[PDB]
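**Q** In PDB author numbering, the protein residues as written are 1 to 569. Think of the CB as a built atom: it goes at the ideal place given N, C-alpha and C, for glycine as much as any other residue. I'd like to ask some things about the structure below.
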Amino acid sequence: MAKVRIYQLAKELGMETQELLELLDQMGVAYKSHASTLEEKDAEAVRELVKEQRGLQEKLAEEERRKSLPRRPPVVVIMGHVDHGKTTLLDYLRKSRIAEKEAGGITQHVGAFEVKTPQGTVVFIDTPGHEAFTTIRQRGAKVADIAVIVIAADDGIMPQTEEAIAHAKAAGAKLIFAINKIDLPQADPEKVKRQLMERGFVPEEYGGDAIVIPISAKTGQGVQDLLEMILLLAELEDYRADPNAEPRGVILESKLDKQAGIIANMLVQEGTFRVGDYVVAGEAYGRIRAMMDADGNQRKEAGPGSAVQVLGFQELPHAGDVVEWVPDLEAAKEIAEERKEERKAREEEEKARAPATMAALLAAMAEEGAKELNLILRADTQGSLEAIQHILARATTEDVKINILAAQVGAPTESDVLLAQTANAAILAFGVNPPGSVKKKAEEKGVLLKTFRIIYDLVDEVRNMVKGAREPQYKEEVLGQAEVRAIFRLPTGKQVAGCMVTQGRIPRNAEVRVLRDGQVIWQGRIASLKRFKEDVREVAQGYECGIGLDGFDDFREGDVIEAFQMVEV
């Protein structure tokens with residue numbers, strides 16, 4: 001070295017005499033032979049230009065090794081609010097996956113289910129489901145790369161399905177639309193097409209770009225045409241994911257087993273989880289001690305789009321929080337601690353001006369509320385509790401203001417029966433029933449526990465709780481009762497009888513009843529008005545006067561009177 005012949009430049013590079021001449025003949029470099037000298041500027045202008053061209057020869061190698069992209073997933077979720085004939089879609093695809101026999105093959109509820117065709121795999125999401133808008137958006141995680149949209153022939157595009165489409169969209173997708181119930185009498189797939197077309201979702205028979213398929217979620221019809229098609233659209237939009245790359249999936253839900261201990265159900269989205277790996281989910285970490293699947297088996301491995309029960313985490317990480325791989329316990333702690341530093345700092349931000357802002361109060365429980373009833377909430381479903389909050393913040397009509405304390409997703413527990421004690425509150429659940437112990441604690445402690453099918457059930461039982469005593473009673477049940485005291489058979493009067501009130505008022509503007517020690521005497525209205533002092537036109541607070549009682553005859557001191565109207569008087 002220090003100096004060079006072009007023949008040595010070639011044995012060093014690992015390039016032909018003529019290749020290196022070809023390189024110099026594109027550069028516009030003057031030369032005599034491969035024994036010629038180069039200039040310091042001209043050998044260095046070869047060295048530097050090689051950095052752009054190598055960086056591109058690896059970009060056109062990462063964008064190609066990333067093209068020959070494996071078997072996938074490529075998940076999908078279906079959308080709207082509760083009692084929507086939306087489980088009914090899921091019901092039908094959860095059975096059309098195994099057309100065959102019982103079973104054998106135990107069909108377990110892993111947050112999802114494989115639907116196994118001739119070229120690969122598509123996994124359909126099996127969970128609530130409604131999403132109920134559990135989170136409106138994560139904003140978000142992208143748990144599934146296809147989304148199968150059901151429009152129901154009985155109901156059509158209820159608003160939750162246009163929000164649902166907007167989760168498929170903003171989650172970076174071309175979209176599949178399923179038309180269920182084509183077998184039912186009142187079924188009009190062309191209304192659905194014109195519903196899709198006034199929204200921009202133009203079908204392929206109208207020269208658009210949004211695929212349509214008539215199917216029956218109870219036959220078995222069009223679910224074939226729907227499967228091949230989902231393989232086509234997977235091809236066309238070219239959504240596949242890697243299986244070697246730093247791992248990624250989603251929690252579907254989390255709970256207990258006597259035998260197993262701490263449990264949670266995980267979709268692996270990307271890469272592979274195995275027994276003995278260390279993991280992180282949310283602020284929660286732990287070691288995979290065991291794995292259990294849909295088919296009830298103990299799993300030595302879980303590959304992409306595997307749903308499983310996982311033994312390993314220290315705390316119970318939340319429904320739809322992402323699970324992620326980490327190099328070491330140091331990363332598992334420090335990642336958990338910055339998200340904890342962020343969410344605690346910001347949750348301290350959030351304290352001010354927050355007793356105000358909203359300004360009811362810190363949900364209203366120190367205003368005289370003039371008929372107060374309270375709540376804490378216990379949903380299954382993050383999407384019910386959003387929907388509940390969206391309904392109820394507007395339903396505050398009759399005087400009482402809804403106070404909604406800190407809430408979660410999943411089943412009842414013994415925390416709710418110590419918060420509802422200290423806050424004097426009601427515990428509202430839907431989808432989810434209370435567990436074993438937890439109803440037996442609640443029902444022997446006097447908290448007004450409730451379960452409902454429809455969120456409209458719950459809210460129209462929240463009405464109840466707007467029973468503000470005096471006015472929503474609406475019974476006309478006696479406006480007063482008054483004991484007789486005397487009567488003036490005075491020859492300057494008529495027939496006025498002292499009466500002492502025992503309800504609201506006795507008025508000159510009012511109807512009259514008379515109730516004996518065993519008999520109804522008589523019924524009518526006030527005609528006269530006389531005191532031992534003067535002929536006054538009203539009596540107010542508890543004072544005495546003589547009133548007149550139509551045609552009567554069982555005079556002087558017979559017994560108590562009972563006058564009624566409306567709250568007017």
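(1) Taking the continuous beta strand (DSSP E) assigned at residue 422, which residues delimit it?
(2) Suppose contacts are defined by Cβ-Cβ distances below 9 angstroms. Is residue 544 in contact with residue 526 by that definition?
(3) In whole angstroms, give me the CA-to-CA distance for residue 410 and residue 237.
(4) The alpha helix (DSSP H) with residue 460 in it runs from where to where?
(5) Decide if residue 416 is buried, meaning its Cβ has at least 16 other Cβ atoms within 10 Å, or exposed.
(6) Return helix, strand or coil for residue 475, following the three-state DSSP convention.
(7) Taking DSSP as the reference, what is the three-state secondary structure of residue 17?
(8) When the Cα atoms are used, what is the spatial distance from residue 161 to residue 458?
(9) Could you tell me which of 363, 547 and 10 sits nearest to residue 514, measuring between CA atoms?
(10) Kindly indicate which residue of 431, 86 and 364 has the alpha-carbon position closest to the one of residue 425.
(11) Can you tell me where the beta strand (DSSP E) with residue 96 in it begins and where it stops?
(12) For residue 72, which of helix, strand or coil comes out of DSSP?
(13) Name the one or two DSSP bridge partners that residue 484 has.
(14) Whole angstroms are fine: how far does the CA of residue 70 sit from the CA of residue 243?
(15) Just how far apart, CA to CA, sit residue 187 and residue 72?
(16) Considering only the beta carbon of each residue, do residue 294 and residue 267 sit closer than 9 angstroms?
(17) Helix, strand or coil for residue 437 per DSSP?
(18) Run through DSSP, which three-state label would residue 253 get?
(19) Nearest CA to the CA of residue 499: which residue from 542, 163, 408 and 377?
(20) When DSSP labels each residue in this structure, what does residue 450 get in the three-state scheme?
(21) For the stretch 118-193, list the alpha helix (DSSP H) runs that are entirely contained and at least 4 residues long, ordered along the chain.
(22) Where does residue 371 fall in DSSP's three states?
(23) How many Å lie between residue 126 and residue 81 at the Cα?
(24) Could you give the DSSP three-state label for residue 239: helix, strand or coil?
(25) Is the beta carbon of residue 151 less than 9 angstroms from the beta carbon of residue 179?
(26) If you draw a straight line from the alpha carbon of residue 222 to that of residue 390, how long is it in whole angstroms?
(27) Give me the Cα-Cα distance between residue 359 and residue 352, rounded to the nearest whole angstrom.
(28) Is the CB-CB distance between residue 316 and residue 258 below 9 angstroms?
(29) Could you check which residue in 349, 85, 93 and 250 has the C-alpha nearest to that of residue 319?
(30) Could you tell me whether the stretch 33-43 touches the stretch 95-111, where touching means 3 or more Cβ pairs closer than 8 angstroms?
(31) Starting from residue 336 and walking both ways along the alpha helix (DSSP H), at which residues does that stretch end?
(32) Output yes or no for whether 9 angstroms exceeds the beta carbon distance between residue 549 and residue 524.
(33) Would you list the residues sitting across from residue 273 in a DSSP beta bridge?
(34) Does the stretch 325-338 come into contact with the stretch 395-407, if we say contact requires no fewer than three beta-carbon pairs (one atom in each stretch) closer than 8 angstroms?
(35) Can you give me the start and stop residues for the beta strand (DSSP E) that residue 511 sits inside?
(36) Spatial neighbours of residue 382 within its chain, please: CB distance less than 6 angstroms, with the 5 preceding and 5 following residues excluded, ordered by chain position.
**A** Here's the rundown:
(1) The sequence position of residue 422 within the sequence shown is 422, counting from 1. It is not in any beta strand (DSSP E) - residue 422 instead sits in the alpha helix (DSSP H) that spans 416-422.
(2) Translated into the one-based positions of the sequence shown, residue 544 becomes position 544. Translated into the one-based positions of the sequence shown, residue 526 becomes position 526. Taking 9 angstroms as the Cβ cut-off, residue 544 and residue 526 do not qualify as a contacting pair.
(3) As a position in the sequence shown, residue 410 is number 410, starting the count at 1. As a position in the sequence shown, residue 237 is number 237, starting the count at 1. Between the alpha carbons of residue 410 and residue 237 lies a distance of about 36 angstroms.
(4) As a working mapping, residue 460 is identified with position 460 in the sequence shown. Start and end: 455-462.
(5) Here residue 416 refers to the residue found at position 416 when the sequence shown is read from its first residue. The residue is buried, with at least 16 neighbouring Cβ atoms inside 10 Å.
(6) Taking the sequence shown and counting its residues from 1, one reaches residue 475 at position 475. For residue 475, the secondary structure class from DSSP, reduced to helix, strand or coil, is coil.
(7) The residue you call residue 17 lines up with position 17 of the sequence shown. Three-state result, residue 17: helix.
(8) Here the question's residue 161 lines up with position 161 in the sequence shown. Here the question's residue 458 lines up with position 458 in the sequence shown. One C-alpha to the other measures close to 22 angstroms.
(9) In the sequence shown, the residue the question calls residue 514 occupies position 514. Taking only the C-alpha atoms, the option nearest residue 514 is 547.
(10) Looking up residue 425 in the sequence shown gives position 425. Measuring from the Cα of residue 425, the nearest candidate turns out to be 364.
(11) Taking the sequence shown and counting its residues from 1, the one referred to as residue 96 is at position 96. Note, residue 96: premise wrong, no beta strand (DSSP E); alpha helix (DSSP H) at 87-96.
(12) Indexing the sequence shown from 1 puts residue 72 at position 72. Look at residue 72 here: in three-state DSSP terms it is coil, with no helix or strand label.
(13) Taking the sequence shown and counting its residues from 1, the one referred to as residue 484 is at position 484. Answer by DSSP bridge pairing, in chain order: 499.
(14) Position 243 of the sequence shown, counting from 1, holds the residue named residue 243. Position 70 of the sequence shown, counting from 1, holds the residue named residue 70. In a straight line, the C-alpha of residue 243 is about 7 angstroms away from that of residue 70.
(15) Here residue 187 corresponds to residue number 187 of the sequence shown, with the count starting at 1. Here residue 72 corresponds to residue number 72 of the sequence shown, with the count starting at 1. So the two alpha carbons sit approximately 35 angstroms from each other.
(16) Your numbering for residue 294 matches position 294 in the sequence shown. Your numbering for residue 267 matches position 267 in the sequence shown. No, the Cβ-Cβ distance between residue 294 and residue 267 is not below 9 angstroms.
(17) Looking up residue 437 in the sequence shown gives position 437. In this structure, residue 437 counts as helix in the three-state DSSP scheme.
(18) Position 253 of the sequence shown, counting from 1, holds the residue named residue 253. In this structure, residue 253 counts as strand in the three-state DSSP scheme.
(19) What you label residue 499 is simply residue 499 of the sequence shown in a count that begins at 1. That would be 542, whose Cα lies nearest to the Cα of residue 499.
(20) Residue numbering aside, residue 450 sits at position 450 when the sequence shown is read from its first letter. Looking at residue 450 - three-state DSSP - the assignment turns out to be strand.
(21) 159-169
(22) The residue given as residue 371 occupies position 371 in the sequence shown. Coil at residue 371, not helix or strand.
(23) The residue given as residue 126 occupies position 126 in the sequence shown. The residue given as residue 81 occupies position 81 in the sequence shown. If you draw a straight line from the Cα of residue 126 to the Cα of residue 81, it comes to about 15 angstroms.
(24) In the sequence shown, counting from the first residue as 1, residue 239 sits at position 239. Reduced to three states, the DSSP call for residue 239 is coil.
(25) If you number the sequence shown from 1, residue 151 lands on position 151. If you number the sequence shown from 1, residue 179 lands on position 179. Against a cut-off of 9 angstroms, the Cβ pair of residue 179 and residue 151 comes out as a contact.
(26) Locating residue 222 in the sequence shown gives position 222, where the first residue counts as 1. Locating residue 390 in the sequence shown gives position 390, where the first residue counts as 1. One C-alpha to the other measures close to 37 angstroms.
(27) Position 359 of the sequence shown, counted from the first residue, corresponds to residue 359. Position 352 of the sequence shown, counted from the first residue, corresponds to residue 352. Taking the straight line joining both Cα atoms gives about 12 angstroms.
(28) Position 316 of the sequence shown, counted from the start, is the residue given in the question as residue 316. Position 258 of the sequence shown, counted from the start, is the residue given in the question as residue 258. No, the pair does not count as a contact, with Cβ atoms beyond the cut-off.
(29) On the sequence shown, residue 319 is found 319 positions in, with the first residue counted as 1. The residue with the shortest Cα to Cα distance from residue 319 is 250.
(30) With the cut-off at 8 angstroms, the stretch 33-43 and the stretch 95-111 do not touch.
(31) By one-based count along the sequence shown, residue 336 stands at place 336. First-last of the alpha helix (DSSP H) with residue 336: 329-349.
(32) Against the sequence shown, residue 549 aligns to sequence position 549. Against the sequence shown, residue 524 aligns to sequence position 524. Going by beta carbons, residue 549 and residue 524 fall inside the 9 angstroms limit.
(33) In the sequence shown, the residue the question calls residue 273 occupies position 273. DSSP lists 302 as partners of residue 273.
(34) no
(35) The residue labelled residue 511 in the question sits at position 511 within the sequence shown. Residue 511 -> beta strand (DSSP E) spans 511-515.
(36) For the purposes of this step, residue 382 is identified with residue 382 of the sequence shown, where counting begins at 1. Excluding residues within five positions, the ones whose Cβ falls inside 6 angstroms are 134, 135 and 409.
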